[PDB]
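Before any questions on how it binds or moves, here is one chain, the form deposited in one PDB entry, in structure tokens.
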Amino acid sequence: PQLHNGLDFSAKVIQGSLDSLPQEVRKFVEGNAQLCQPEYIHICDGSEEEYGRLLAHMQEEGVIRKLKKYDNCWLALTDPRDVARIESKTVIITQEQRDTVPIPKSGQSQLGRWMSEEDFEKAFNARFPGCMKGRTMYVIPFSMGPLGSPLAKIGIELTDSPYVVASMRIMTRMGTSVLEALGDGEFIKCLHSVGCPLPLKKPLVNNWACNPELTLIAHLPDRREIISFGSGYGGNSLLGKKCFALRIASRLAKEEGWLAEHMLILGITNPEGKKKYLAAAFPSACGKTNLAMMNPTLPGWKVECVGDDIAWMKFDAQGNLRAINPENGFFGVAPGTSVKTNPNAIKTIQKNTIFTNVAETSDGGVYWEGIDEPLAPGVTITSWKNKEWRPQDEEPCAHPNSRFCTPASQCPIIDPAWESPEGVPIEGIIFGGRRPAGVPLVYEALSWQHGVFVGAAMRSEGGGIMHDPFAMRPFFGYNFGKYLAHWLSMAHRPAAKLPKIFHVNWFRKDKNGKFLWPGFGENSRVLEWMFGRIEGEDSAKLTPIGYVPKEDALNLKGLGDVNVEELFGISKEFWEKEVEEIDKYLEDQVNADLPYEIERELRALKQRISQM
């Protein structure tokens, strides 16, 4: 079927066989091998043997270091230009701009970043041809969701980064069993390169290949493709997680009747043995992983983790909102993780875990701001910049967005249904983020439509207070106004069991800057209130913003120093300015795409505030 050797890359395969691949997977591999010109093709099998050899290869090449204090843990230190997601280099391609993002009246959208097909083809051709020369193209067959679950979706990621292969093995289900479950079905095409073909055109920093100037993380939902160039950093290179399981999946979800969300999923059991599952959307840096893995301070309660970051949710035939965690691991922020703030994370990450951009102690352990573990006198610290470091120094020892990447199976409180293919039944959905003033510890939405407004109106402090609706602002796969209409439409599904919606604020401060609520495992007292409210307990007082706990409804035993008047207070003046601000934002940023029911909820809140 060829006049020379066709596009047959068999001679370059150093693991597996191109002949073993489904036809359309082979076409995707060979077309991109032609384009990108890798030296080798490695078809990943997901085996332990393969993982061992991969880690050895990286260690021998100086790309990662073994952390000798622990069982099979590893440390990567990146070029400091490649440490986080780059929103401004993250784009979605569609025929029409407005299908991706509403058109902002001000000319600056906060809700996504569109690129035309024409501009993208130019950007692609300026980056990918020959980009893998001298490197290995790894072929990662992966499932998002339990292997074979009706809610799961398969991708193929091609990458030139063994760091991406190792981290994908932890964060997804990957290898031959996925190829077998795939057969001749559809898959999301995921193409990644660090963008540094050999011979190197620019010097490597910290032995970490990347191309910051040409970094581009693109999503082509109408082609079912994700194409990412120039960054090796997690959210940009592990294409299953944010690219696929939020941006592409949210659009698929809109078309197919389900939801793909930046939500943890936890199961909570009370002292009577009754168990409920809850989902919660908080922005990055606002504590999802702590809540998901909570060690409750209240006696007789238990929390178990289904996932800490992404939820795929669909109503079943009985009307339950069923949720799965499409991930296979936790890619969690390391700084601030301690026995105090997340003891179950500390237990999970002591074996089989890859750390990126944390500090290293002289006895081969890990360190970061907030770890709250004293070192023995004499033990020294190497920062994430590979310099000696001491606590007086101007800069932190770990990057503030440094991460662990750890298997979910390992977590001592992983829920027994964390891989159940039908998902877990969600009875409450929680929104929240960082509000230093005005917003009380917890309230309950008055209706589904009020609850969708509460998600839509979310704001959180990060370089000042900014809108982050549904905790999805970096992640919408399509126009946010349409996303709101999709959520609202869930109310019209016959016999839907609509979860109760809450909003929390762990971050309210007094006039001195001091947190009013101790948080962490004490948040169990808030979850107890939610649980009772889902049970229909008469534990709520009506206010203009929704229901709050009655006086004495929260268990505050052991917290007598809490300033309940300040923590629970609602000011007419604060809320008048809040509605003022929400109205300006929705008009500027959503305008013609704003659903009527959102506008009505905004008017209803304003009216309730007016009667204060």
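Rigid core here is just the name for the largest C-alpha set that superposes within 1.5 Å across the two forms. Residue indices: 1-based, along the sequence shown.
Below, we refer to the form deposited in another entry, which is not included among the displayed structures.
2 Å-or-more CA mover between this form and the one not shown, where superposition uses the core and the choices are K122, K201, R223, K105: The one that shifts is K105.
Given a superposition on the rigid core, I'd like a yes or no on whether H492 shifts its C-alpha by 2 Å or more between this form and the one not shown. The answer is no; the displacement is under 2 Å.
Large Cα shift (2 Å or above) at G513 between this form and the one not shown, core-fitted: Comparing the forms between this form and the one not shown, which are aligned on their rigid core, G513 does shift its C-alpha by 2 Å or more.
Quick one: with a 3 Å or larger change, is the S402 to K514 CA distance smaller or larger in the other entry? Answer closer or farther. Those two alpha carbons end up farther apart in the other entry.
So the C-alpha spacing of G6 and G183 changes by 3 Å or more in the other entry; is that change toward closer or farther than shown? The answer is farther, because the C-alphas of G6 and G183 separate from each other in the other entry by 3 Å or more.
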